[PDB]
Every structure is written in C-alpha cells, then in structure tokens.
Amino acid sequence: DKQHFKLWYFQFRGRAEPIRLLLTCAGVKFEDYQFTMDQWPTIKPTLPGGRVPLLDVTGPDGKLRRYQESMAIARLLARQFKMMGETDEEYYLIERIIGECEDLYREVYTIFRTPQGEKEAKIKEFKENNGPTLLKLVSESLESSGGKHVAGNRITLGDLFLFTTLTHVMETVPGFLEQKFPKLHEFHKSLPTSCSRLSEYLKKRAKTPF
C-alpha cells in the first residue's frame, strides 16, 4: 500500500470534523495535520486556493491527488465507503439533513465568532428565532426516518454531519437542545453507540474552541 491520506486544517473541528469522523468510522488511518495560527501564513501560499481543509490522497499507484471543499471531500469519501445512501430515497434524506444542518452550522458559527461581549444577545435571538425553526426541521427530518439514523439503518454522512452540527449547538447554546429538542439530544447520545471507532475517537480527541 503506497496508500496514504493526509488532512490539512487548523487546530479546530469546524469544517474538517465531518471528514475526520467519516475516515474514523470507515476505519481509514490518516495523518491528521492540524497546524497553528502562527504556521498558517507560510503554509497558505503553497496550497491550492490558499484555504483548508485539504485532503491529500496518495493512491495505490503512488500518485497524489489533492482535494478541496470540506463537504465535496466528505461526499466523495462517503460514496466510496457506501455511506451516501443505498437508494435515491436514502440519498435525498442525507442531502436534506445536510442542507438543513449547513444552515444551522452557519448560525452557531456566527455566535462562536461574536465578541464576548455581544454573544448573549445573539444567543437569545437564536433561541427565539432561527434556532427553533431550523431545529424543528432537523427534528422532523430525523423523526421521519425513525430517530436513530437519517437514512437506512446504518451510519451515513448525514448522521455524522448531524452529529457534528448538534455538538456545535450543545457547546454554543448550552442546555437548549437538551431542553427544547430532546429527540435530537437522544440522537447525539445514541449515535456513537452505532460505531465503536467513533466513540473511542471522541473520547481521545483534543479539545478545541469550535
């Protein structure tokens, strides 16, 4: 095996995490290269597009292909690992949850980026407005497919991207998911029991601010 995966990103979960969880669940060993802010300006001018995540895949031929755009990388891997759905219906369910979670991710990232400062106002707005609306969609989606998995009865990218986005809600709007959307909180508790590689990884993962 000349085979090798190297993922490039800051010391942060953010856009890279769904790729880390997918490779973990697939049992694919990879070099998880997380560089510091001080290192970035001398790494940046060497990468295509000047942005991360980037996944460098050295295939069995020994040749290197460099892939951009976190959820394009995650979907291509997911398809390879049969985690993108087994029917068109499953594929649509995964896509529906990923679209809804992209919206939710933006809202919580905006809170995370808000000065200390002025955060509490943005949190209260979230709880009263786009929070309930997005979280109701996500809850209805997951309920429609049985509460444990977004699609089929096995872990998919839809589940993993739901999981990482619910982690962000739990950390940035503490208590809100647990009180207002108990089924989504139950999903967040349950999912790791559906891949023991996931659970061990989350146990040992470094703490980051997002």
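Start at 1 and count along the sequence shown; that's the residue number.
Higher mean CA temperature factor, per the PDB entry, when comparing 26-34 with 154-162: 26-34. For the pair 166-174 and 59-67, the record assigns the higher mean C-alpha temperature factor to 59-67. Out of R113, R79, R96, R106, the entry records its largest CA B-factor for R113. When the C-alpha B-factors of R15, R20, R197, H188 are ranked from the entry, the top spot goes to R197. For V138, the recorded CA B-factor ranks within the lowest third of the chain. Only modelled residues enter the ranking. Looking at the C-alpha B-factors along this chain, the one for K148 belongs to the highest third. Sorting the modelled residues of the chain by their CA temperature factor places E102 in the lowest third. Annotation for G50: CA B-factor lies in the middle third of the chain's modelled residues.
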